[PDB]
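Asks: Sequence lines, in order, name chains A and A'. A prime marks a further copy of an entry chain. All the letters of the first sequence, read from the start, carry residue numbers 6 to 372 under the entry's author numbering. All the letters of the second sequence, read from the start, carry residue numbers 6 to 372 under the entry's author numbering.
There are 2 protein chains.
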Amino acid sequence: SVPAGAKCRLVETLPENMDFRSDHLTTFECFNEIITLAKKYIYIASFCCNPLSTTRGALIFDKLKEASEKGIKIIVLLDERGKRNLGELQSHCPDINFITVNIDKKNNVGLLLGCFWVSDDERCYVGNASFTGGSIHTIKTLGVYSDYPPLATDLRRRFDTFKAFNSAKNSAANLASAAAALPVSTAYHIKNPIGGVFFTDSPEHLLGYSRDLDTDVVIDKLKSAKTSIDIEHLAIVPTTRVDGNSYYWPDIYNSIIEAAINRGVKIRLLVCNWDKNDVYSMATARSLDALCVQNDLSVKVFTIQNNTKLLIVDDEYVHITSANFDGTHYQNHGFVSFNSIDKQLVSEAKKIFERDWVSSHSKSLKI
Amino acid sequence: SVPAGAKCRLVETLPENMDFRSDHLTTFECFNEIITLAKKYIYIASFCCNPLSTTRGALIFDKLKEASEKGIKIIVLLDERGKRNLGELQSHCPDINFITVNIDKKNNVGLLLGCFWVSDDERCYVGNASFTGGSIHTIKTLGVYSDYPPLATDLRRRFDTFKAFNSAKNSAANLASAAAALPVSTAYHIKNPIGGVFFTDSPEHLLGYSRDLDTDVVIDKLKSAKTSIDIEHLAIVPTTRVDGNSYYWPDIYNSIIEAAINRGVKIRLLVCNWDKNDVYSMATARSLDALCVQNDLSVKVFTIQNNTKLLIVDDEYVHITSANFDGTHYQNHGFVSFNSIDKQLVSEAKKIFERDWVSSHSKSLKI
């Protein structure tokens, strides 16, 4: 028999300067358990790699340094734009195999946002706590830990698809034939969960034929919302700025409004504050301001460093990821998202959203 | 051989209290020519029927009264919500067959917005000048007249589909079997124009299998815009209010923004002013205000009574109709739209839009 929830428990970073308190596992405690119980390998992936920026991040980097010196195969994947610290990371850990990743060499837009750990095909972490000292110590994060082998092995297959994109000779990033010979395998998806948990992937040109697009799954869960929509992300502005040109993409921005106006869904949004010089964020904020007074919608903002990417629908489906709901992320960026329908696991996630909604850092939307 | 433009020339209403001037045919001159040259029948359709509200409208109603007394079969289609004047219209013209129409008895939402004339299968008018004294004399309108038999006959087939929906015993409005036996025929569409002119229809449950949806054709022409988008409609607010509940529909609202931001299309919009008490119109206006300063977009408003529904794309495609770009109209309301790609006919339409854009009634968008 398979366990309910796939042995998943919540993991988050709650800095001391913030009022967030919980009994769940912490991100610092989570990374120590993965390195301690490691016997075969430790595979880590994130956008930027910089553990030495805080105290707790350096201790995790020392435990990973000691693990690499005992025979554990350590491979760290980072986007080629976090290449500044590469000379610093290799100088402190010569046994750790640092690999730069460029998943999109056709247009140089897709970034490696896969934020997850995996070890021995048994234990794994996934969330938005990137391999940075801030995301371990000073930046609020939110993730999930599970010691279930079948769930960690399916996340390891996500690592194999991302590892092939290396800026070194002929590979999945340089050849079109070596990239088509990639086994893009997934053991579980929205049509076959494991313990009520499944992974959604991104972008579309890296799904193959079996994996499900995270864009289609999130939109379907938002269009199928009946009672409540709770989102804690960076921003839900439908317009992003790639290079020096603005990009418009309101797919997520419309499926949420379709729930509040047409279906009367009680929606609560918790995004960051916005630049007053950004006309796309001011117009988006004033558009949401007229909806809170006309429908059952509520918006609060915060100014702290928080990478939390949370989505809860009808207290029945939860969605934790590292990418933000926008056009640039769900069209080009590569990442893996956590999807679960376990009522007990969603209830603990609803407990976290209610904590952050009434927190002192969450001031009401004022324009 | 077939003539270019299908013998089409512009027709509009330019009241004396307004500064609009042109050498084209007027709506009052257009209705006199149709009644004078009538030999077989005159079929008229609009939402509300009230010709006696102005001077020119009463003269058209007298010419139509004299035509009905000579043997011309006069059938007037009006929506069952314009039934107030029905006792007045029949009292002045007993020989004219007035018919109330309810195209949607399933939900009582679809309204008869078909605004067109047709006579002898030879001459026909189509636009937004409804059968009202205002739309002939005091309300600015815009339409097209053509004495081409094949184009008028295809518009008569639109009248046959609308006439079947009568609130009288068993018919297309009462029976589901008598409504399926309806010949829903079109001779020309977007895949087969006549002289560069074709009709698009609405709603979707009245198209059959041959007619093209006006919603799909307009969105495709907006998504295929390369240089310019010129629209003169009532309003492009993505939210409408059906009954006492708001309805959200941004399909047209998004395809236009996709052109200005992603494709850099120079777009000029001329809509009416909005109620300051309407939060959906204020948020929509402030959203457009931040786009005019960030992209090549310009918006002007007017307060006069104007039913003009115009759409020009890249000076190559023109779209004149009676319904407004919104959710309630293109989802439920029944109407026929004028579509033409004739360069000479679009050039005359571009001449009209430039006149209304710099007119004194078109004040710049101020918030």
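Built from N, CA and C at the ideal position, the CB exists for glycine as well.
If we define contact as Cβ-Cβ less than 8 Å, is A295(A') a contact residue for chain A?
Replies: It does; some Cβ of chain A falls within 8 Å.
Asks: What does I266(A') reach in chain A if we use C-beta pairs closer than 8 Å?
Replies: Near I266(A') (Cβ distances below 8 Å), the residues of chain A are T244, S251, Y252, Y253.
Asks: Could you tell me whether any Cβ in chain B is nearer than 8 Å to the Cβ of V276(A')?
Replies: Annotation note: the requested chain B is absent from the structure, which comprises protein chains A and A'.
Asks: Taking buried to mean at least 16 other C-beta atoms within 10 Å of its own C-beta, is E17(A') buried or exposed?
Replies: Answer is buried; the Cβ neighbour count reaches 16.
Asks: I'd like the list of long-range same chain contacts for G115(A'), defined as Cβ closer than 7 Å, with 5 residues on each side in sequence excluded.
Replies: Correct list, in chain order: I108, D109, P208, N337, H338, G339.
Asks: In chain A', which residues lie with their C-beta within 9 Å of the C-beta of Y46(A)?
Replies: Per Cβ cutoff of 9 Å: no residues; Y46(A) is ~43 Å from chain A' at best.
Asks: Quick check on this structure: which residue in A290(A'), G132(A'), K88(A') has the alpha carbon closest to the alpha carbon of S369(A')?
Replies: Measuring from the Cα of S369(A'), the nearest candidate turns out to be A290(A').
Asks: What is the DSSP secondary structure of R161(A'), reduced to helix, strand or coil?
Replies: Three-state result, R161(A'): helix.
Asks: Would a check of beta-carbon distances place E263(A) closer than 8 Å to chain A'?
Replies: Cβ-Cβ to chain A' under 8 Å: yes for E263(A).
Asks: Pull up the DSSP beta-bridge partners for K314(A), would you.
Replies: Paired residues: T326(A).
Asks: Name, please, each residue of chain A whose Cβ falls closer than 7 Å to the Cβ of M287(A').
Replies: Within 7 Å Cβ-Cβ: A295.
Asks: Can you tell me the Cα-Cα spacing of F33(A') and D126(A'), whole angstroms?
Replies: Computed Cα separation, rounded: 21 Å.
Asks: How would you call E237(A), buried or exposed, if buried means at least 16 neighbouring beta carbons within 10 angstroms?
Replies: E237(A) is buried by the Cβ-count criterion.
Asks: Going straight from the alpha carbon of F343(A') to that of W122(A'), what length do you get?
Replies: One C-alpha to the other measures close to 13 Å.
Asks: Just by C-beta distance, which residues in the segment 105 to 120 of chain A' are closer than 7 Å to chain A?
Replies: Correct list: empty, as no residue qualifies.
Asks: Taking the alpha-carbon of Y193(A) as reference, which of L187(A), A186(A), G201(A) has the nearest alpha-carbon?
Replies: Closest by alpha carbon: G201(A).
Asks: Using CA coordinates, which residue listed in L82(A'), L94(A'), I80(A') is at the minimum distance from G62(A')?
Replies: That would be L94(A'), whose Cα lies nearest to the Cα of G62(A').
Asks: Taking just the CA atoms, how far does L211(A) sit from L180(A)?
Replies: About 14 Å.
Asks: Pick out the complete alpha helix (DSSP H) segments inside the segment 194 to 239 of chain A', 4 residues or longer, and give them in chain order.
Replies: Listed in chain order, the complete alpha helix (DSSP H) runs (minimum 4 residues) inside the segment 194 to 239 of chain A' are 219 to 228.
Asks: Using 8 Å for Cβ pairs, my map puts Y322(A) next to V351(A). What's the rounded Cβ distance?
Replies: About 7 Å separates the two Cβ atoms, so the contact holds.
Asks: Within 8 Å (strictly less), CB to CB, does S58(A) reach chain A'?
Replies: No - not a single Cβ of chain A' is within 8 Å of the one on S58(A).
Asks: For a minimum of 4 consecutive residues, which ranges assigned as the alpha helix (DSSP H) are wholly contained in the segment 75 to 107 of chain A'?
Replies: Fully enclosed alpha helix (DSSP H) runs of 4 or longer: 91 to 97.
Asks: Expressed to the nearest angstrom, what Euclidean distance is found between the alpha-carbon atoms of residue 2(A) and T244(A)?
Replies: Here chain A covers residues 6 to 372 and nothing more, so residue 2(A) does not appear.
Asks: Between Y48(A') and the rest of its own chain, which residues show a CB-CB distance below 6 Å, the 5 nearest in sequence each way excluded?
Replies: Within the same chain, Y48(A') has close Cβ partners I80, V123, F164.
Asks: Comparing alpha-carbon positions, which option in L19(A'), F170(A'), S27(A') lies nearest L82(A')?
Replies: The shortest Cα separation from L82(A') among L19(A'), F170(A'), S27(A') belongs to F170(A').
Asks: Using beta-carbon positions only, say whether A134(A) and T143(A) come within less than 8 Å of one another.
Replies: In this structure, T143(A) does not lie closer than 8 Å to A134(A) by Cβ.
Asks: Taking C35(A) as the reference, which of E263(A), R161(A), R128(A), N300(A) has the closest Cα?
Replies: For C35(A), the nearest C-alpha among the options comes from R128(A).
Asks: Classify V222(A'): buried if its beta carbon has 16 or more other beta carbons within 10 angstroms, exposed otherwise.
Replies: So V222(A') counts as buried.
Asks: Spell out whether any CB of chain A' is found under 8 Å from the CB atom of residue 385(A).
Replies: Residue 385(A) is absent from the model: chain A starts at 6 and stops at 372.
Asks: Contact check, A230(A) vs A264(A) under 8 Å by CB: the rounded distance?
Replies: Contact holds; Cβ gap of about 5 Å.
Asks: Would you mind reading off the limits of the alpha helix (DSSP H) that contains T244(A')?
Replies: That residue, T244(A'), is in no alpha helix (DSSP H); its beta strand (DSSP E) goes 244 to 247.
Asks: Which chain A residues sit within Cβ distance under 7 Å of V284(A')?
Replies: Chain A residues near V284(A'): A295, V298, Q299.
Asks: With a threshold of 8 Å between beta-carbons, can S292(A') be considered close to chain A, or not?
Replies: Yes, because at least one Cβ of chain A sits closer than 8 Å to the Cβ of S292(A').
Asks: Locate the beta strand (DSSP E) running through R291(A), then write down its first and last residues.
Replies: Element bounds for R291(A): not the beta strand (DSSP E) but the alpha helix (DSSP H), 284 to 297.
Asks: Starting from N102(A), find everything on chain A' with Cβ-Cβ shorter than 7 Å and list it in chain order.
Replies: Within 7 Å Cβ-Cβ: nothing; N102(A) doesn't reach chain A', min ~40 Å.
Asks: Under 8 Å between the Cβ atoms of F136(A') and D84(A')?
Replies: No. Outside cutoff.
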